[PDB]
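As a starting point, one isolated chain is supplied in structure tokens, in the form solved without this ligand.
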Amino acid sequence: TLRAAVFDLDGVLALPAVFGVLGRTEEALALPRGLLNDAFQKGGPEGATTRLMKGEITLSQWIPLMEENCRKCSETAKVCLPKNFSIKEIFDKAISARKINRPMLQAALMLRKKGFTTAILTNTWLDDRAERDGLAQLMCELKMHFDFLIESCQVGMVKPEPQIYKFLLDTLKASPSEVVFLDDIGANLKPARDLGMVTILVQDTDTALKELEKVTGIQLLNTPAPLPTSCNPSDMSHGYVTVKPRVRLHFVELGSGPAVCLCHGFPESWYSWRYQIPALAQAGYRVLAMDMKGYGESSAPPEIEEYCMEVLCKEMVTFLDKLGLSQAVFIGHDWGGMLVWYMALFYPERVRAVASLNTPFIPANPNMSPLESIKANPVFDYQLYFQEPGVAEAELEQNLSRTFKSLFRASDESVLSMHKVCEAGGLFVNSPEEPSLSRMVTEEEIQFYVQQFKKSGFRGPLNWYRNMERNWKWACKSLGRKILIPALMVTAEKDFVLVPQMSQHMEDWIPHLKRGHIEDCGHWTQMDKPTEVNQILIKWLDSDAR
């Protein structure tokens, strides 16, 4: 029956309410109780505050009217305002004190996710204050989670007037009884209740959610921890840079602040960072999530040497040159992780800081060809399989859905061993035709990867493994250097290929290395443990990259 949920902002999605601050200021300053609220409401429908809420005037224009209203209320109550009495001040402090009320947002999310239409309905203002950006950020964070945000000052109408409710019902394409509306102000619910909307008077958050649960019949309170925000591909800004004539790089870009360049592994995609992108943007970074060379919408030339580490690094440098970035933070996973260490080693001036998921830094052995070194560790055998052009391509392209569903699995869901892959004659020889869906991924997400890899297949991606000798020789030029820029190594407990112990000597070459460690985390770190990855990255960025 209920098909939509509408949330007030002040006192419902954002806390403390600002009327909250009018009460406290009065008391703090020992004024007559409600004086500030009387000055605020003065003139009712024709007073300064309604003009503000309707968008007739801006917040900077209203500030001095509210002042006058405060003088008038104080003369009529026969008191004096203190020296230094400042409406601008009180409101600045009140607006910056209000934060997102997380459990209300998470209930709104859950309702959206079971197919509700959701909106925010708020009496708010055109904010031209010096400090306006703080509230602009808050509104951006909330708004991306709802179908509509309706602001009194944008539509020229205010709660409790009945026209904003008709405007509400009409934007929702729903009828009065299909709608629940939560607000902390009883007067605002009245007209909704009159048209026959379910309404909830919001005092403490928990009781409201209990009423919302009872009325919608969906579980909202005490729900398990939700995933971080993911990305919809078609809502992202997509960027394209030609680094040389045959070769363009594609990337998805979100956020502002220091540039952070995310470099995925094999066989992945910018989308492998879907859970990191909004979190790092929200944390104040400019995220740039690559399709690396060979993948997705980046170019995929056929030749093997287009994919040696030297060329790949030079082209990441060109990518920065053409974007006009003197530096970025480089964060890599798997093959991308190897590449970011080599960026730190060959272009420290271009790298603000470097971090790797799973891939350790282990200096080349100048007395052992890497092809030989690889034979000494049974879990790397899959790399030998990858050598012969064509063999891995045929298997991996043969059925794309099967390929990614077989690969993208949590550590207890595995369907293949990386073990005697050559002997067995394939990565999938003893795995199902139709694997079950890992808990880590939805069917839709698998089909994103399938559609990406339909553009170029596995030749470019596999070529990353086809330059052993060439990479070894390049790496050897670097054996006298150390990595002395800010660096983070994140190991994953249950990565049975890129095992945490392989990283054990990294402090020899990177003396100031910082670490995180994720327990119960397989090879696909970002989607296995997105919440922990986000927390470890954001903390290290804020302390070392800022």
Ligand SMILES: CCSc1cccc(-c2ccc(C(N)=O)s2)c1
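The first residue of the shown sequence is 1; numbering continues from there.
Beyond the structure shown, there is the form deposited with this ligand bound, which is absent from this document and is the topic of what follows.
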* To do: Scan 57, 63, 497, 513 and let me know which has any heavy atom within 4.5 Å of this ligand in the deposited complex.
  => 497
* Asked: Using a 4.5 Å cut on heavy atoms, which of 409, 286, 250, 459 is close to this ligand in the deposited complex?
  -> 409
* May I ask you to check whether residue 414 falls inside a 4.5 Å heavy atom distance of this ligand in the deposited complex? => yes
* Asked: Would residue 319 show up as a contact with this ligand in the deposited complex if we use heavy atoms at 4.5 Å?
  -> no
* Counting only non-hydrogen atoms and a 4.5 angstroms cut-off, does residue 201 reach this ligand in the deposited complex? -> no
* To do: Find out whether any non-hydrogen atom of residue 275 is located within 4.5 angstroms of this ligand in the deposited complex, and reply yes or no.
  => no
* To do: Mind telling me which stretch in 102 to 110, 70 to 78, 210 to 218, 381 to 389 gets its heavy atoms within 4.5 Å of this ligand in the deposited complex?
  => 381 to 389
* Neighbours of this ligand in the deposited complex among 457 to 482 [non-hydrogen atom within 4.5 angstroms] -> 465
